[PDB]
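J.: Following this line is coords-v5.pdb, made up of PDB, C-alpha atoms and all ligand atoms:
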ATOM      1  CA  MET A   1      76.238  86.521  10.265  1.00  0.00           C
ATOM      2  CA  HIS A   2      74.235  84.223  12.545  1.00  0.00           C
ATOM      3  CA  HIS A   3      72.541  82.832   9.454  1.00  0.00           C
ATOM      4  CA  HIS A   4      69.074  81.430  10.355  1.00  0.00           C
ATOM      5  CA  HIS A   5      66.342  79.648   8.334  1.00  0.00           C
ATOM      6  CA  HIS A   6      63.215  80.188  10.438  1.00  0.00           C
ATOM      7  CA  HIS A   7      60.441  77.646  10.990  1.00  0.00           C
ATOM      8  CA  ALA A   8      57.470  78.330  13.258  1.00  0.00           C
ATOM      9  CA  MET A   9      57.751  74.787  14.607  1.00  0.00           C
ATOM     10  CA  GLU A  10      61.508  74.871  15.257  1.00  0.00           C
ATOM     11  CA  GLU A  11      62.573  73.747  18.724  1.00  0.00           C
ATOM     12  CA  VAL A  12      65.794  74.985  20.278  1.00  0.00           C
ATOM     13  CA  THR A  13      67.271  75.542  23.711  1.00  0.00           C
ATOM     14  CA  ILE A  14      68.805  78.856  24.751  1.00  0.00           C
ATOM     15  CA  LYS A  15      71.147  78.573  27.725  1.00  0.00           C
ATOM     16  CA  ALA A  16      71.459  81.614  29.975  1.00  0.00           C
ATOM     17  CA  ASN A  17      74.487  81.603  32.278  1.00  0.00           C
ATOM     18  CA  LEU A  18      73.968  84.204  34.985  1.00  0.00           C
ATOM     19  CA  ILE A  19      76.656  85.734  37.193  1.00  0.00           C
ATOM     20  CA  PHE A  20      75.664  88.005  40.056  1.00  0.00           C
ATOM     21  CA  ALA A  21      77.517  90.861  41.764  1.00  0.00           C
ATOM     22  CA  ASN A  22      78.723  88.688  44.650  1.00  0.00           C
ATOM     23  CA  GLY A  23      80.010  86.047  42.258  1.00  0.00           C
ATOM     24  CA  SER A  24      77.145  83.592  42.744  1.00  0.00           C
ATOM     25  CA  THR A  25      75.822  81.825  39.635  1.00  0.00           C
ATOM     26  CA  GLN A  26      73.038  79.829  38.002  1.00  0.00           C
ATOM     27  CA  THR A  27      72.034  78.646  34.543  1.00  0.00           C
ATOM     28  CA  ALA A  28      68.494  78.765  33.176  1.00  0.00           C
ATOM     29  CA  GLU A  29      67.306  77.097  29.969  1.00  0.00           C
ATOM     30  CA  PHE A  30      64.586  78.347  27.647  1.00  0.00           C
ATOM     31  CA  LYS A  31      62.934  76.270  24.932  1.00  0.00           C
ATOM     32  CA  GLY A  32      60.849  77.157  21.899  1.00  0.00           C
ATOM     33  CA  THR A  33      61.628  78.864  18.600  1.00  0.00           C
ATOM     34  CA  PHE A  34      65.016  80.570  18.568  1.00  0.00           C
ATOM     35  CA  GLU A  35      63.272  83.951  18.704  1.00  0.00           C
ATOM     36  CA  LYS A  36      60.798  83.124  21.474  1.00  0.00           C
ATOM     37  CA  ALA A  37      63.320  81.304  23.674  1.00  0.00           C
ATOM     38  CA  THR A  38      65.716  84.224  23.310  1.00  0.00           C
ATOM     39  CA  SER A  39      62.976  86.687  24.305  1.00  0.00           C
ATOM     40  CA  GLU A  40      62.086  84.514  27.309  1.00  0.00           C
ATOM     41  CA  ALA A  41      65.714  84.435  28.459  1.00  0.00           C
ATOM     42  CA  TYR A  42      65.996  88.225  28.418  1.00  0.00           C
ATOM     43  CA  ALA A  43      62.590  88.485  30.103  1.00  0.00           C
ATOM     44  CA  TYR A  44      63.920  86.340  32.959  1.00  0.00           C
ATOM     45  CA  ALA A  45      66.983  88.580  33.284  1.00  0.00           C
ATOM     46  CA  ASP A  46      64.636  91.576  33.489  1.00  0.00           C
ATOM     47  CA  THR A  47      62.669  89.971  36.332  1.00  0.00           C
ATOM     48  CA  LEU A  48      65.930  89.642  38.262  1.00  0.00           C
ATOM     49  CA  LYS A  49      66.978  93.283  37.833  1.00  0.00           C
ATOM     50  CA  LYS A  50      65.070  94.687  40.843  1.00  0.00           C
ATOM     51  CA  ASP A  51      67.022  92.555  43.325  1.00  0.00           C
ATOM     52  CA  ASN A  52      70.269  92.116  41.410  1.00  0.00           C
ATOM     53  CA  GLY A  53      70.857  95.337  39.483  1.00  0.00           C
ATOM     54  CA  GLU A  54      71.198  96.073  35.770  1.00  0.00           C
ATOM     55  CA  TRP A  55      72.445  93.340  33.458  1.00  0.00           C
ATOM     56  CA  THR A  56      75.004  93.053  30.672  1.00  0.00           C
ATOM     57  CA  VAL A  57      75.045  90.316  28.054  1.00  0.00           C
ATOM     58  CA  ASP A  58      77.771  88.700  25.998  1.00  0.00           C
ATOM     59  CA  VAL A  59      76.370  86.385  23.336  1.00  0.00           C
ATOM     60  CA  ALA A  60      78.160  83.110  22.659  1.00  0.00           C
ATOM     61  CA  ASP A  61      77.814  79.830  20.762  1.00  0.00           C
ATOM     62  CA  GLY A  62      76.189  81.490  17.767  1.00  0.00           C
ATOM     63  CA  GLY A  63      73.437  82.900  19.959  1.00  0.00           C
ATOM     64  CA  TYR A  64      72.537  79.691  21.798  1.00  0.00           C
ATOM     65  CA  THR A  65      74.334  80.832  24.943  1.00  0.00           C
ATOM     66  CA  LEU A  66      73.695  84.126  26.712  1.00  0.00           C
ATOM     67  CA  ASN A  67      76.273  85.055  29.340  1.00  0.00           C
ATOM     68  CA  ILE A  68      74.543  87.609  31.542  1.00  0.00           C
ATOM     69  CA  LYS A  69      76.129  89.540  34.406  1.00  0.00           C
ATOM     70  CA  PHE A  70      74.269  91.623  36.997  1.00  0.00           C
ATOM     71  CA  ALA A  71      75.849  94.796  38.404  1.00  0.00           C
ATOM     72  CA  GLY A  72      74.362  94.656  41.892  1.00  0.00           C
TER      73      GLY A  72
HETATM   74 ZN    ZN B 101      62.549  75.815   5.521  1.00  0.00          ZN
HETATM   75 ZN    ZN B 102      71.589  78.379   5.115  1.00  0.00          ZN
HETATM   76 ZN    ZN B 103      63.580  81.085  14.169  1.00  0.00          ZN
HETATM   77 ZN    ZN B 104      57.458  81.995  14.220  1.00  0.00          ZN
HETATM   78 ZN    ZN B 105      63.324  92.060  46.524  1.00  0.00          ZN
END
Any chance you could put this one into C-alpha cells?
Ligand SMILES: [Zn+2]
Ligand SMILES: [Zn+2]
Ligand SMILES: [Zn+2]
Ligand SMILES: [Zn+2]
Ligand SMILES: [Zn+2]

T.:
Amino acid sequence: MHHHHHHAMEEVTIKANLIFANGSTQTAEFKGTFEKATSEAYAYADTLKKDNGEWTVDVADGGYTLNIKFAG
C-alpha cells in the first residue's frame, strides 16, 4: 500500500487539517520531499500540544492529507 518511488528532489505538499478541542480549525501546508514534509507536519502538531493537548491523526488522500485533532 501507499506505493512510493522516492526521489531526493521530489516536491510535494502535505496538507494538515487541524481541529481543536473547542471546535476551532486551521490548515497548514508543508512542502518538500514526501518524507520531510510529513515529518514537518507532525513536528508542527507537536509544537501545538502544550497549549492544545495530545493529538490524534487520521491519514487521508493517500498520505497527502493529515487530519489531526487535539484533545484539549
Ligand atoms: Zn526514479
Ligand atoms: Zn510504481
Ligand atoms: Zn519520497
Ligand atoms: Zn531523500
Ligand atoms: Zn501557552

J.: Name the residues, by chain letter and number, that sit within 8 Å of ligand ZN 102 (chain B) using only C-alpha atoms and all ligand atoms, and give them as a list in words.

T.: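 Here is the list of contacting residues: residues 3, 4 and 5 of chain A.
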
J.: Using only C-alpha atoms, determine which residues lie at most 8 Å from residue 41 (chain A), disregarding the query and same-chain residues fewer than 2 positions distant; provide the list as a VMD selection string.

T.: chain A and resid 14 16 28 to 30 37 to 39 43 to 45

J.: Quick one: contact table of chain A to ligand ZN 104 (chain B), 9 Å max, nearest atom pair and distance in Å to one decimal per residue, counting only C-alpha atoms and all ligand atoms, chain and number order, as a Markdown table?

T.:
| residue | atom | partner | partner_atom | distance |
| --- | --- | --- | --- | --- |
| A:6 | CA | B:ZN104 | ZN | 7.1 |
| A:7 | CA | B:ZN104 | ZN | 6.2 |
| A:8 | CA | B:ZN104 | ZN | 3.8 |
| A:9 | CA | B:ZN104 | ZN | 7.2 |
| A:10 | CA | B:ZN104 | ZN | 8.3 |
| A:33 | CA | B:ZN104 | ZN | 6.8 |
| A:34 | CA | B:ZN104 | ZN | 8.8 |
| A:35 | CA | B:ZN104 | ZN | 7.6 |
| A:36 | CA | B:ZN104 | ZN | 8.1 |

J.: For region 56-71 of chain A, work out the shell of residues within 9 Å, counting only C-alpha atoms and skipping chain neighbours fewer than 3 positions away, then give it as a ChimeraX atom specification.

T.: /A:2,12-21,34,38,41-42,45,48-49,52-53

J.: Rounded to one decimal in Å, what is the spacing between atom ZN of ligand ZN 105 (chain B) and CA of residue 31 (chain A)?

T.: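 Calculated distance between atom ZN of ligand ZN 105 (chain B) and CA of residue 31 (chain A) is 26.8 Å.
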
J.: To one decimal place, how far is CA of residue 25 (chain A) from CA of residue 51 (chain A) in Å?

T.: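 Between CA of residue 25 (chain A) and CA of residue 51 (chain A) the gap is 14.4 Å.
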
J.: Between A:55, A:26, A:46, A:11, single out the one closest to ligand ZN 103 (chain B), counting all atoms listed in the file.

T.: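 Closest to ligand ZN 103 (chain B) of all the choices is A:11.
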